[PDB]
Amino acid sequence: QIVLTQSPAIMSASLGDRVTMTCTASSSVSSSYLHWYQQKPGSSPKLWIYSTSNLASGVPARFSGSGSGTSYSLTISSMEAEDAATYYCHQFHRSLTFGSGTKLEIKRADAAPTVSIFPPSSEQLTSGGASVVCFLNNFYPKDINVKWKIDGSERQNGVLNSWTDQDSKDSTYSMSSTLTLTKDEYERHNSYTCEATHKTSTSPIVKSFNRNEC
Amino acid sequence: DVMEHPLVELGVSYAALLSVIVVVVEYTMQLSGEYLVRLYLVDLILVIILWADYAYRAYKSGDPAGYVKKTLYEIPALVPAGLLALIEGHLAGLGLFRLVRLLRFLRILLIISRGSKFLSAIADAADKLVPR
Amino acid sequence: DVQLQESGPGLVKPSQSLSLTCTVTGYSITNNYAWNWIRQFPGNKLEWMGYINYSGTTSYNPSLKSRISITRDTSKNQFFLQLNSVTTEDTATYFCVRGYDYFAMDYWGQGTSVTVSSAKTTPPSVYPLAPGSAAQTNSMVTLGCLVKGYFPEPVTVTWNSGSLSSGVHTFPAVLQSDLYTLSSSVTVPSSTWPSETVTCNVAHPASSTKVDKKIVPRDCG
């Protein structure tokens with residue numbers, strides 16, 4: 001019935017870096033019942049370390065587990081690309097409970113997003129809808145600020161953002177930001193802008209178009 | 001003051017047979033709780049009855065110690081079946097499945113041990129009726 | 001080689017019962033260990049639901065006790081999950097898993113997605129996303145396709161029947177109001193489009209829908 005809090009929730013490390021993540025329990029847990037699992041998107045979790053420090057069969061020596069009582073940790077002596085995944089701790093006392101998970105990402109050089117804005121298609125307008133889309137592709141780190149400005153004023157209502165998982169090849173992130181309006185709403189304004197502020201520059205990236213010029 | 005009254009000799013022998021019947025009922029009948037608990041109580045009383053008899057033959061025959069070391073194969077049968085069931089459940093609840101395995105084997109030994117004493121009982125009964 | 005496989009409907013209506021089957025091969029569920037059902041929610045939180053061990057005894061997560069039931073059929077070497085009066089929050093991926101010593105989960109099924117919704121099967125509307133080129137220009141060009149209002153998941157998006165696979169980003173779907181929507185972007189050299197045709201292909205198996213949408217440069221009229 002104890003709660004397992006994992007930290008950090010999300011972390012990034014450069015290939016070759018030492019990596020340590022922690023599993024903190026609300027109450028003392030017996031070392032024989034503390035297990036770790038590794039999971040990659042699209043597949044089921046895999047037993048990784050059992051009873052605190054025993055590596056599962058296929059697990060490379062770079063991994064190790066340690067701890068006791070209310071504090072346990074999983075360490076990677078030297079980070080390899082295949083280690084990027086989410087790790088979960090697990091325990092049993094009166095019942096079975098899982099930790100909140102630690103997502104381990106690969107650190108790479110910062111990269112500014114490539115921003116593109118798209119007015120609603122003529123096909124969608126005829127059907128009475130008006131979605132304005134903005135893509136912010138291949139950037140790093142994932143942290144980014146995206147704002148929509150209509151006739152200069154910021155709008156948050158009707159905005160939905162979606163992020164891809166870190167790319168397996170270039171280790172970057174991409175996201176879509178979609179402003180969904182009704183055709184009537186869309187036609188009440190002229191300028192539509194998607195603005196992105198990212199660590200790579202003190203100057204936001206701004207893409208825009210004027211509806212009444214389409 | 002050895003209460004070795006023929007009424008006891010009768011019971012000790014009769015307990016060896018019933019003890020085996022216990023295991024069969026446990027294996028065959030799908031007893032749940034109330035009726036299952038009664039079974040284990042009967043078994044417990046039976047094992048105690050047989051518990052005494054064994055300790056007795058132990059004391060006399062070349063005194064204790066020495067005897068037991070020769071009749072170890074008789075110990076497993078003297079373990080109350082309800083005690084193993086209780087233990088197995090507790091072990092499984094803790095996920096100690098490796099131990100559950102061994103406990104399983106101990107149960108096998110208990111069955112073989114009682115079967116052994118079963119045969120002795122019958123053989124002895126045959127002697128008292130038709131001596132030879 | 002121990003192997004577990006889950007089966008059952010991937011869709012269930014709210015208020016109704018969710019039922020899944022796990023078929024185990026390579027080991028007998030009556031021999032030893034615990035046989036579990038573990039689910040993972042959309043946000044990826046894992047939750048143990050309960051188990052039935054080799055002897056047939058069951059153990060359940062206290063928060064599900066009044067709604068769940070785990071049973072088994074030893075002759076078929078399968079165990080089952082029944083979760084009653086399901087709600088939107090029971091949407092998740094369900095795993096059948098073996099509990100080894102100390103309940104270490106050594107063998108997991110590949111998992112099955114179950115969606116709890118009142119929505120009916122609806123094909124997606126597919127819209128081409130082409131640039132308005134207001135100071136656009138640069139060595140590359142990004143195009144896209146918006147796929148909205150469909151149910152249930154998933155949809156498959158490809159570009160030029162798959163021949164255009166590099167430079168593609170297909171975003172995870174999101175629920176707008178019981179219906180899913182997503183977009184896919186493709187970036188190609190400026191020499192490629194609009195010179196050459198670029199088409200988004202969208203397949204929605206559940207509705208037997210297959211649509212192709214050509215990305216057209218803001219029409220000449």
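Order of the sequence lines fixes the chain letters, A, B, ..., with proteins taken first and strands second; residue numbering starts at 1 for each chain.
Atom CZ of C:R98 and atom CD1 of C:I29 lie 12.0 Å apart (nearest 0.5 Å). Note that the CG atom of B:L103 and the CG atom of B:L110 stand 10.5 Å from one another [nearest 0.5 Å]. Atom SG of C:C96 and atom CG of C:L81 lie 10.0 Å apart (nearest 0.5 Å). How far OH of C:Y60 is from CD1 of C:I70: 5.5 Å, rounded to the nearest 0.5 Å. Going from atom OG of C:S185 over to atom CE of A:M175 covers 12.0 Å, rounded to the nearest 0.5 Å. The SG atom of A:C89 sits 11.0 Å away from the CD1 atom of A:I49 when rounded to the nearest 0.5 Å.
No donor-acceptor pair closer than 3.5 Å links the side chain of C:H169 to the backbone N or O of C:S183. Between the side chain of A:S100 and the main chain of A:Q6, a donor-acceptor pair closer than 3.5 Å is present. Not a single donor-acceptor pair under 3.5 Å links the side chain of C:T115 to the backbone N or O of C:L11. The closest donor-acceptor contact from the side chain of A:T164 to the backbone of A:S174 lies under 3.5 Å. Between the C:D178 side chain and the C:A119 main chain, no donor and acceptor come within less than 3.5 Å of each other. Side-chain atoms of A:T102 come within 3.5 Å of backbone N or O of A:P8 as a donor-acceptor pair.
Under the 6.0 Å cut-off for aromatic ring centres, C:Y51 and C:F79 do not qualify, their centroids lying 6.0 Å or more apart.
The shortest non-hydrogen separation linking A:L104 to A:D83 is CD2-O, 3.9 Å.
In the model, A:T97 has no side-chain atom that pairs as donor or acceptor with a side-chain atom of A:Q1 under 3.5 Å. Neither side chain, A:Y140 nor A:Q166, offers a donor N or O lying under 3.5 Å from an acceptor on the other. With no hydrogens or angles considered, a side-chain donor-acceptor pair links A:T172 and A:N138 at under 3.5 Å. There is no side-chain donor-acceptor pair under 3.5 Å between A:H35 and C:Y102. Residues C:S17 and C:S19 have side chains that never bring a donor and an acceptor to within less than 3.5 angstrom of each other. Counted by atom type alone, A:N137 and C:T187 present zero donor-acceptor pairs between their side chains at under 3.5 Å. At a cut-off of 3.5 Å, with distance as the only test, no side-chain donor of A:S95 or C:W48 sits close to an acceptor on the other residue.
Enclosure of atom NZ in C:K45 is not indicated, since only 12 or fewer non-hydrogen atoms of other residues, nucleotides or ligands lie within 6.0 angstrom. In this structure, B:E34 places its CD atom where more than 12 heavy-atom neighbours from other residues, nucleotides or ligands lie under 6.0 Å away.
Taking the charged nitrogens against the carboxylate oxygens, C:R39 and C:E47 do have a contact shorter than 4.0 Å, which makes a salt bridge. Taking a cutoff of 4.0 Å between a charged side-chain nitrogen and a carboxylate oxygen, B:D43 and B:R114 qualify as a salt bridge.
Sorted by first then second residue, the side chain to side chain donor-acceptor pair (under 3.5 Å) pairs that include residues 71-82 of chain C, not counting sequence neighbours, are C:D73-C:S75, C:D73-C:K76. Sorted by first then second residue, the side chain to side chain donor-acceptor pair (under 3.5 Å) pairs that include residues 3-16 of chain C, not counting sequence neighbours, number zero.
Here the options are C:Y33, C:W108, C:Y107, the test is ring pair (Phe, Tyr, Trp, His ring centres under 6.0 Å), and the partner is C:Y100; only C:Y33 passes.
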Open item on the list: Applying side-chain hydrogen bond (donor to acceptor under 3.5 Å, both in side chains) to C:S55 and C:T57, what does each step give before you reach the verdict?
Closed with: CA-CA 6 Å; C:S55 71; C:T57 189; 5.5 Å; no
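A 4.5 Å side-chain heavy-atom check between C:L18 and C:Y94 finds at least one atom pair inside the cut-off.
With sequence neighbours excluded, the residues satisfying side chain to side chain donor-acceptor pair (under 3.5 Å) with C:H204 are C:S207.
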